[PDB]
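Here is the structure we will look at, set down as structure tokens.
All of the numbers you see were taken from the coordinates with simple rules; none came from a lab. With ideal geometry, Cβ positions are generated from the backbone for all residues, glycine too; neighbour counts draw on all protein chains shown.
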Amino acid sequence: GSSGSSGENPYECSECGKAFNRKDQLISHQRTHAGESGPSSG
Ligand SMILES: [Zn+2]
């Protein structure tokens, strides 16, 4: 593994464990692991 390690994923999710090339990409993705709009009373 010359010139560092294979592949460069400076951004990786914690919920699923995905990896993106750009930050924004990961951010927009994280949205999937979020959905609190409706008034959850229970
Ligand atoms: Zn994820």
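Sorted by mean Cβ packing within 10 Å, highest first, what order do the peptides 5-15, 22-32 take? Walk me through the numbers on the way to the answer.
On the way: 5-15: 10.3, 22-32: 11.9.
Packing order, densest peptide first, comes out as 22-32, 5-15.
At each listed q (0.16, 0.29 Å⁻¹), what is the log10 of I(q)/I(0) that the Debye formula gives for the chain modelled as equal alpha-carbon point scatterers?
Taken in order of the listed q values, log10 I(q)/I(0) reads -0.54, -0.98.
Given 0.36 nm per residue, what is the gain on full extension from residue 40 to residue 22 after removing their alpha carbon distance, in nm? Could the numbers behind the result be given before it?
On the way: separation 18, 0.36 × 18 = 6.48 nm, distance 3.35 nm.
Stretched out fully, the residue 40 to residue 22 stretch lengthens by 3.1 nm.
Given points 7 Å out from each Cα along the Cα-Cβ axis, report the residue 31 to residue 6 separation in nanometres with one decimal.
In this crude spin-label approximation the distance works out to 3.3 nm.
Nothing charged except the Cβ atoms of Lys and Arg (+1) and of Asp and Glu (-1): what's the magnitude of the dipole of the chain about its Cα centre? Round to the nearest 20 debye. Show your work: numbers first, answer last.
Values: 4 positive and 5 negative charges, 17 e Å.
For this selection, approximately 80 debye.
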